[PDB]
């Protein structure tokens, strides 16, 4: 059920309990781990290991412990890494038992108790945007999420009650897009994470009088896919006539969600966020996501890679580290 090495490491993420911080940045690309850890406090990296697509490094930022982990691509990879983080934080290997939480029936009244709210997890990724308004290389910050994948369906996502706002998102997506064919699920980033990210963006821009060092951002719904091409409505060769949702981008882009705190739109599409939000919330860990827009699927109809991306990612790394330690 949960393979643990003789060295106390989990199976994919080769990290031991005492090497993992409560505050974690997820990146998809293993290459981004070294870029991020370079921003950690000088000589603070105390643990690091690489295996498959899964790399980590743990240091400090402004004195607060932080771990950066590459997950590789997809919600399936997320499911792996979050299960292993769960075991590293809450399975006491020394005693061979799961840690108590407040409210456990047969726990001693003294505990000790593990507080899941101490876990803060933020994805810093890349993404596409179906929104005409959203600029190239903007930071798209997740509030709600649409799971077009099915990973969380194995964790009762199809039956567990959701908020009124999430019910409205699901209704609109099911009625007004080709996802009518899919048992989609929803989730939401923890409000504390979304707020922290936005505040960090604001602080960044306020701290520079150079227009070139500004970072644009947007907040909205992130749609997460179980692939990159047809799974995101890309039309490729001999596959295109077989697509279930060939007009995914335009369909998602047309949506407006009339939600409790105002109107929300689908700001971005990527491959991890839905499961990060859902599985983290299920565990009581605070999670969210922010992704640099590298593909404009409308308007510009371009990709934005290379130097421009590198510069945007440098700004966003600092913003996310700031948000993470202030959460």
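Residue numbers count along the first chain shown, from 1.
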Per the entry, higher mean C-alpha B factor between 56 to 64 and 293 to 301: 293 to 301
Between 264 to 272 and 45 to 53, point out the one with the higher average CA B-factor as the PDB entry records it. 45 to 53
Selection from 147, 74, 209, 220 [criterion: highest C-alpha temperature factor in the record]: 209
For the CA B factor values reported in this entry, which option in 251, 115, 104, 84 has the top one? 104
Considering every modelled residue of the chain and its Cα B-factor in the PDB entry, is residue 31 in the lowest, middle or highest third? highest
Residue 11 - Cα temperature factor, lowest/middle/highest third of chain: lowest
Quick one: classify residue 213 as lowest, middle or highest third of the chain based on its Cα B-factor. highest
Name the third of the chain's ranked CA B-factors that contains residue 230, choosing lowest, middle or highest. lowest
Consider only the C-alpha atoms of the modelled residues in this chain, order them by B-factor as the entry records it, and name the third containing residue 201: lowest, middle or highest. middle
